[PDB]
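Report on the following structure.
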Amino acid sequence: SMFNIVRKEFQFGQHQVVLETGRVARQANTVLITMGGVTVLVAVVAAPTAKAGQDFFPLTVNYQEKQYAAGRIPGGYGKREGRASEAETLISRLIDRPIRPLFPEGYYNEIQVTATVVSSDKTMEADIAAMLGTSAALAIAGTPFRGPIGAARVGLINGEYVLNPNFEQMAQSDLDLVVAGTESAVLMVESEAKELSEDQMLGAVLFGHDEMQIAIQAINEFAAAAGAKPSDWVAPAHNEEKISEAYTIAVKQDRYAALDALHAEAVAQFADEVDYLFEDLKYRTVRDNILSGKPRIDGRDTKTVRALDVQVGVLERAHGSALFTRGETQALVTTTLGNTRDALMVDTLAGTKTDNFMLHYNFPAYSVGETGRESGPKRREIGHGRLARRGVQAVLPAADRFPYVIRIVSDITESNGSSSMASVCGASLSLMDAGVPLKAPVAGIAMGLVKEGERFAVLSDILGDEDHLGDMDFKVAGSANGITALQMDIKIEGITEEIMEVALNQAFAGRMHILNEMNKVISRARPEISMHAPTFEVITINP
Amino acid sequence: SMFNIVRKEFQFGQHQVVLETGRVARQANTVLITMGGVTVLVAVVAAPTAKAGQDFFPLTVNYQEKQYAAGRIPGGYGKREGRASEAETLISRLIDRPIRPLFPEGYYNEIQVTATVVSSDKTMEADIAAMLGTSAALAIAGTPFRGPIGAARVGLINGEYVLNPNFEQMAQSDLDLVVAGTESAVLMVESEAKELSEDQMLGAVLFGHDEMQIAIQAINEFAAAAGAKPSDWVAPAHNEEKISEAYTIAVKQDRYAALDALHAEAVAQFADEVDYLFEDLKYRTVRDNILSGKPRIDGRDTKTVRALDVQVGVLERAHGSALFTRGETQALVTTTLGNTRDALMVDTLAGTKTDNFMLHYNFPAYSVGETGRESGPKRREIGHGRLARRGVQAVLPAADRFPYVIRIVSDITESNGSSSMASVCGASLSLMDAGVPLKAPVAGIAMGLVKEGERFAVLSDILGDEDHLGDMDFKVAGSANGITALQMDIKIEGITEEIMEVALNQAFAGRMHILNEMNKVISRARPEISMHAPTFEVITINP
Amino acid sequence: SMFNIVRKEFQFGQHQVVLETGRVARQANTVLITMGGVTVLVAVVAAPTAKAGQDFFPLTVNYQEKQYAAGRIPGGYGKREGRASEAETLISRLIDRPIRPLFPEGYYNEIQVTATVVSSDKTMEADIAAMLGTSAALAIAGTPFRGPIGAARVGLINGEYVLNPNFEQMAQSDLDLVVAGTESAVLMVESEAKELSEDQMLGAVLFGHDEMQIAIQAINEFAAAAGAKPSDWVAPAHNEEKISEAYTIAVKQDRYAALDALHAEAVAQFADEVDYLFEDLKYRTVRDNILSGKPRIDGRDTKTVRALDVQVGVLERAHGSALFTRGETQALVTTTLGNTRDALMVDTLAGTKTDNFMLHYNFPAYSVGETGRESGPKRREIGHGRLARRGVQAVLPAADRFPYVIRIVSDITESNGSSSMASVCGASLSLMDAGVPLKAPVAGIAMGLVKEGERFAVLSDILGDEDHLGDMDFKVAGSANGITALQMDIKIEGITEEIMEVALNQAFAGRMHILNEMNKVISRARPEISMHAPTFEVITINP
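Here it is in structure tokens:
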């Protein structure tokens with residue numbers, strides 16, 4: 002045989018998993034993975050060197066589901082796949098988010114992941130297999146990537162966690178959580194829940210981190226048999242040759269103008294070395310201020326939420342509307358009601374999917390006082406909308422009790438720290454303003470964690486600037502009864518279960534404070550739907 | 002309250018108008034305007050400085066109508082808004098055109114206008130409100146913008162001008178004119194008319210300029226209460242340390269080659294300062310030649326139209342075709358006839374719109390002897406086609422008398438001065454060639470005005486070069502009975518009613534001269550439609 | 002008349018041809034050609050100089066069929082033409098391929114061809130007329146283009162070659178071949194055939210080269226009457242002030269890394294002059310090695326095919342699947358079966374076209390170990406898929422005997438020398454794996470020819486590197502009975518009939534060797550279609 006095939010078989014919970022390299026796509030770092038009824042081809046290409054003036058890490062992940070994987074011919078676009086669907090973009094982000102922090106600081110080589118679903122029996126989602134396939138392909142690619150990573154979906158059926166459930170099991174699950182981590186740390190959580198408790202949600206994360214260990218060890222042994230060797234790449238050294257005042261200006265526009273003016277002063281006095298070192302000085306300054314117990318940039322302590330303003334019915338002709346402001350973060354959110362003709366229809370490997378609820382998220386450049394080019398929905402816009410949708414999903418009325426198509430739009434009018442959680446609150450408010458009966462109102466809060474050794478602080482309702490210096494960022498949305506969505510991104514070692522427990526408990530108080538302010542304005546759906554909404558009558562006559 | 006809200010209420014003709022800032026989108030310069038049943042959010046972002054090597058004024062206006070504004074769910078595109086519709090692009094141009102000349106020469110800061118319709122009761126167009134909203138947002142943005150501007154739509158009902166008519170009033174109007182100006186000058190006119198006279202058309206412009214004054218003064222008082230202050234920006238000075257001969261070469265290709273070669277000679281002898298000063302020398306040279314009564318670049322006096330060639334039936338299988346040449350401006354224009362299946366269907370806030378007439382305008386780079394990248398319809402292409410459509414609309418047969426879908430395409434094959442008016446003539450010719458019975462033939466002419474103090478000259482049928490040096494550019498299309506479309510763009514002060522009256526009278530002679538040449542070839546529709554056109558029969562049998 | 006019209010009429014086989022310039026689009030180099038019922042407007046723009054740092058020849062050809070040409074209104078896209086269809090892109094490549102090598106080495110001026118079909122009576126394809134129109138427009142454009150070229154389609158009806166057949170004649174043709182050449186040499190062949198012999202295929206090429214001579218001479222006389230004059234452009238001279257070892261490394265990745273490292277060594281020791298001269302040294306080295314009878318880069322002699330691996334059923338849920346590997350060229354090819362709803366539907370000038378077979382070709386950057394941006398189907402991807410489709414077409418079952426829609430996808434997983442012929446083999450294999458009864462299996466091979474004076478060598482199964490140094494590249498696909506597709510691209514003078522005869526005979530042995538290896542794995546369609554394919558039953562019941 003002309004191929005030198007390396008195979009690794011192992012049992013991953015209820016599914017057999019096979020890792021193969023050496024036969025397909027030998028000119029990249031390519032793993033063909035089969036997990037149950039799903040087969041994915043993941044090719045990784047690592048540029049041998051960094052580009053001349055590259056100052057950031059260029060990583061792109063492109064995930065695709067071929068229609069031929071399930072014996073389908075693509076529909077009505079010249080019979081071609083076309084651009085990435087929203088579901089494909091979302092899975093791309095699931096792969097990108099855990100791997101991106103695992104490359105060392107100062108590693109600027111281009112990396113491209115191409116993950117292609119080439120066979121599916123339509124019984125389960127292919128994202129976990131694509132995530133394991135990416136992990137394995139990076140493990141043999143010869144980069145300083147600090148893997149391997151594992152991945153797992155955790156459901157909750159009959160009060161018990163379930164590892165990597167299929168579509169049929171998920172129809173009885175109160176939880177849809179995906180977690181990725183390394184051998185020692187959780188990295189990424191993306192989840193939707195039916196008002197579960199903080200304790201239930203954390204347990205699902207630790208259950209998933211524990212169960213994925215068998216897969217990480219199998220990737221490790223596979224990479225060894227494929228001849229992978231430790232990286233010798235060494236990070237270049239830096240030119241080893254008062255700050256607080258600017259970071260006490262509370263207004264975001266004026267603080268940056270003072271900081272940007274400080275940077276011009278530094279460049280005149282002292292090019293890429295000044296750019297890198299100047300940002301690190303700002304990085305070090307704001308973090309030690311938090312850890313030393315000083316007031317934050319805007320004067321808050323670690324547990325205080327920013328000032329809130331809650332308004333509904335702000336648009337005369339929208340079926341429901343709300344303006345939600347949290348400090349300098351603001352969302353104009355509307356609810357529109359429609360008939361069957363308006364439902365969202367999308368193609369999947371399992372067949373055509375009709376969805377009576379959709380949430381669209383727009384983040385224009387004027388929300389941060391900037392100019393920007395005009396384009397279609399961005400990967401981040403798609404992700405933030407989907408997370409806010411997860412925060413609202415569990416409290417939506419059942420279709421047979423409220424037979425309308427529902428479209429929510431969140432227009433971010435101001436941004437300074439999770440507009441996506443502002444979107445959850447505004448969606449809850451605008452739904453009730455339209456007369457959509459909710460199970461309960463829901464709110465969201467974005468949190469941060471700064472850690473140095475054994476010293477750590479959890480930050481409630483983080484600023485735009487605290488998002489860029491945190492070692493852990495996490496977002497919780499929920500009702501008074503429990504969590505409806507939990508998202509996490511962890512960049513560091515040593516965040517224990519006990520630490521995450523404190524962080525979620527602090528977030529619970531913040532979400533309850535926001536919910537309490539919301540209820541002063543509207544706490545239930547209006548008794549009638551909007552006067553402008555199309556009526557649903559037993560007899561309709563068309564002239 | 003966490004907001005410092007500034008409100009200005011005033012009555013604008015038949016509509017109440019409210020101007021608000023300080024609550025929504027505080028990180029931009031943002032005005033929320035309500036005018037009757039329409040609400041628009043206009044955010045303006047002004048870059049604090051000009052970019053390093055910026056040599057032109059970067060201004061972009063993006064106008065959008067949200068479907069939720071009228072309780073609608075967008076149709077069949079993942080239920081998203083998607084890219085700007087043609088109607089949205091056209092309103093963007095309505096905002097851009099009057100504001101763009103009001104920034105001083107040498108002001109190169111980036112400016113971006115984002116105007117979003119967030120509520121509409123579907124009774125009237127939202128463009129005027131979006132234009133007033135842009136005016137107000139710029140007034141508080143701290144730029145050297147020389148506003149405020151006003152805007153107004155003028156109709157003609159029962160021989161009387163009507164200010165800002167709604168959809169129901171416009172169904173009885175013989176005029177659809179939009180004008181913008183400042184306190185002292187008209188800036189922009191865009192109009193469609195049912196063969197009205199020069200006197201009627203000018204009166205509508207002055208009526209609109211007069212009625213908008215109340216709105217300009219209200220914007221002025223609103224901006225003062227919002228704390229706007231005069232700009233201190235000062236234009237940088239220039240390096241203050254024979255031309256006619258090149259501008260007597262009549263052939264455009266050879267004239268530019270001589271001029272471009274002169275620029276290389278100047279650069280070798282004397292970088293951005295030479296580029297700027299070299300163009301200003303060409304600018305000063307051609308204008309004084311006109312004002313001093315010398316023959317124009319091609320030898321013409323101020324009132325002479327270029328040589329004309331008129332040909333119909335130039336394509337064997339097009340239902341109608343025409344080749345119209347005016348000097349070095351040429352349009353290959355076709356008419357195609359179709360059945361109901363071919364009608365243009367578009368979504369509006371008022372509902373789905375079926376249009377039995379469409380005109381598409383293509384401007385390839387080879388028309389000016391250039392290379393260019395391949396793309397979709399440009400903003401200028403969309404505008405020029407819509408203006409030529411306005412010039413043809415009034416003479417089209419009523420659908421119940423001529424039950425065909427009509428598509429006109431204007432392919433610009435040569436350009437040297439309004440291809441859009443060439444398109445009007447070619448559309449008129451090709452319509453008759455196809456057998457489309459017109460009320461009367463129509464023609465167009467593009468005019469220019471150069472003014473210095475009290476000295477001024479009106480230019481008939483302007484060259485490409487005279488378009489770039491004129492202080493007023495204006496286009497008139499019409500029949501022998503009257504004007505069907507009037508477009509104006511004025512960059513200067515002091516163009517009186519009496520002056521515009523002379524300019525339109527000169528344009529009337531030019532359009533009549535062009536029409537007279539057209540009638541020598543074909544003056545009425547052919548008695549039959551094209552032999553290749555689909556027949557319209559009482560009994561059709563499908564095998 | 003304001004026009005100086007130059008006309009050239011001649012009879013081209015069965016069609017009258019008219020060449021006209023001087024009336025339409027005078028600001029470019031523009032020819033309006035009528036050939037039978039087809040009229041095309043071809044504008045050529047040649048930049049007067051090369052750009053500052055231009056190091057390659059920027060040539061773009063854009064071909065368009067206007068719907069108005071045949072009295073049609075475009076369908077359901079705002080009634081606009083939109084982007085180039087696949088059929089339009091393919092004809093663009095037909096024009097580009099023969100003209101691109103006819104510009105001298107070192108000519109870097111930008112050239113843009115805009116060919117627009119403006120009238121068609123729907124009796125025949127407009128590509129030949131567009132090709133002749135491009136030839137004529139370049140002939141008057143004043144460039145060093147070494148034309149004119151001719152073009153012709155050759156069919157085979159009742160054992161006889163037919164010049165430029167129309168749609169009705171092509172329905173009885175066993176051949177669809179398009180050839181372009183100059184007065185002395187064939188340049189380009191693109192063809193589909195019903196298993197014809199090498200002798201029949203070569204005769205069609207020489208028939209077409211002979212018959213087009215009358216058209217070339219007419220273009221020559223037309224260009225003279227239009228005042229064309231010889232080019233005085235002279236190619237700039239070069240700075241006139254051991255290699256084998258790197259080109260004996262057989263592994264492609266390691267060979268390039270050694271070569272790229274050699275280039276960095278040369279740049280350190282000796292900027293554009295080093296880049297140009299360094300590539301020419303590699304060019305000269307590899308060609309003389311072949312001509313002197315030394316083993317090729319990977320050790321092969323001129324007639325040896327690379328090692329082969331043939332696998333079917335490699336995807337569990339694809340209706341048919343195959344992995345075909347030839348050295349370092351690999352294709353993952355699938356067959357999917359569908360019902361009538363899945364058929365490809367496209368608009369043509371002749372009407373709506375329903376196609377029950379389609380082949381899609383994807384060439385991701387990881388196939389050559391590279392990163393690349395994400396985009397839609399490229400012009401080269403469209404061409405390679407269409408050629409592989411031509412190689413499979415003749416052996417597909419008739420629709421009334423096999424009533425399924427068939428979609429083939431070729432995913433190139435490795436590339437080092439015609440993935441398009443790998444796609445033919447993989448399509449043949451995957452079709453049989455799905456149970457599609459073929460007339461016979463088909464295979465493909467890509468060939469090269471290096472010639473110096475009277476010394477020449479024909480290369481079987483060329484490497485990526487031999488494709489970049491060949492003077493003739495040609496691809497043959499076929500069954501054991503005969504050729505199903507033949508593609509050629511010739512850059513040089515003096516490739517005689519006798520030489521092409523030897524080259525095709527060598528290619529026949531190579532294709533038979535590949536076919537023989539394929540038949541060891543599967544030589545007939547499986548007796549049943551895939552268990553996962555939708556069944557075709559006389560009675561279907563829908564719940």
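Chains A, A' and A'', in that order, give the protein sequences. A prime marks a further copy of an entry chain. Note that the first sequence covers residues 2 to 242, 254 to 282, 292 to 564 in the authors' numbering. Note that the second sequence covers residues 2 to 242, 254 to 282, 292 to 564 in the authors' numbering. Note that the third sequence covers residues 2 to 242, 254 to 282, 292 to 564 in the authors' numbering. No residue lacks a Cβ here, since even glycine has one placed at the ideal position from N, Cα and C.
(1) Here's a check: name, in chain order, each residue in its chain whose Cβ is nearer than 6 Å to the Cβ of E184 of chain A', leaving out the five neighbours to either side.
(2) Strictly by DSSP, which residues pair up with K496 of chain A?
(3) Using 8 Å for Cβ pairs, my map puts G341 of chain A' next to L452 of chain A'. What's the rounded Cβ distance?
(4) Which bits of chain A' does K460 of chain A'' rub up against, with CB to CB less than 7 Å?
(5) Candidates A':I483, A':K512, A':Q508, A':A530: which alpha carbon is nearest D177 of chain A''s?
(6) Out of A':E435, A':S431, A':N502, which has the shortest C-alpha to C-alpha gap to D200 of chain A'?
(7) Output the distance between the C-alpha atoms of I562 of chain A' and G397 of chain A'', rounded to the nearest integer angstrom.
(8) I need the straight-line Cα distance from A258 of chain A'' to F299 of chain A'', nearest angstrom please.
(9) With a cut-off of 8 Å, do at least 3 Cβ pairs link the region 298–316 of chain A'' to the region 414–425 of chain A''?
(10) Closest to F477 of chain A by C-alpha separation, out of A:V25, A:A524, A:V206, would be which residue?
(11) Quick check on the burial criterion: 16 or more other C-beta atoms within 10 angstroms. Buried or exposed for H210 of chain A'?
(12) Hey, how far is the Cα of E106 of chain A' from the Cα of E241 of chain A''?
(13) Please report the distance separating the alpha-carbon of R147 of chain A' from that of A227 of chain A'.
(14) For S481 of chain A' and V326 of chain A', which I take to be in contact (beta-carbon distance under 8 Å), what is that distance rounded to the nearest angstrom?
(15) Please check if any C-beta of chain A' sits within less than 7 Å of the C-beta of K399 of chain A''.
(16) Assuming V18 of chain A'' and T35 of chain A'' are in contact, meaning their beta carbons sit under 8 Å apart, how far apart are those beta carbons, in whole angstroms?
(17) Quick one: Cα of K324 of chain A to Cα of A181 of chain A, how far?
(18) State the start and end residues of the unbroken alpha helix (DSSP H) segment that holds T306 of chain A'.
(19) Have a look at the DSSP bridge pairing and note the partners of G359 of chain A''.
(20) Between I129 of chain A'' and chain A', is any beta-carbon pair separated by less than 7 Å?
(21) Which residue from A:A415, A:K123, A:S86, A:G54 puts its Cα closest to that of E111 of chain A?
(22) Got a sec: is the Cβ-Cβ distance from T306 of chain A'' to anything in chain A below 7 Å?
(23) Just mark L302 of chain A as buried or exposed, buried being the case when its beta carbon has 16 or more other beta carbons within 10 Å.
(24) Which residues in chain A sit within 8 Å of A339 of chain A'', going by Cβ to Cβ distance?
(25) So, at 6 Å on beta carbons, what are the nonlocal neighbours of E487 of chain A in its own chain, with the 5 sequence-adjacent residues on each side left out?
(26) Considering Cα atoms alone, identify which of A':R24, A':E193, A':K264, A':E294 is closest to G320 of chain A'.
(27) Could I get the ranges of all uninterrupted alpha helix (DSSP H) runs contained in the region 414–461 of chain A'', with 4 residues as the minimum, in chain order?
(28) Which complete alpha helix (DSSP H) runs does the region 48–109 of chain A'' hold, if anything under 4 residues is left out?
(29) Do you know whose CA, among A:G77, A:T61, A:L60, A:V62, lies nearest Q68 of chain A's CA?
(30) So what does DSSP say about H405 of chain A, is it helix, strand or coil?
(31) To which residues of the same chain is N360 of chain A closer than 7 Å at the C-beta, ignoring the five residues directly before and after it?
This is what the structure gives:
(1) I217
(2) A:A467, A:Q508
(3) 6 Å
(4) Within 7 Å Cβ-Cβ: nothing; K460 of chain A'' doesn't reach chain A', min ~33 Å.
(5) A':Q508
(6) A':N502
(7) 43 Å
(8) 13 Å
(9) no
(10) A:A524
(11) buried
(12) 52 Å
(13) 17 Å
(14) 6 Å
(15) no
(16) 7 Å
(17) 28 Å
(18) 293–312
(19) A'':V426
(20) no
(21) A:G54
(22) no
(23) exposed
(24) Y69, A70, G72, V119, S120
(25) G469, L480
(26) A':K264
(27) 440–454
(28) 87–100
(29) A:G77
(30) helix
(31) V426, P555
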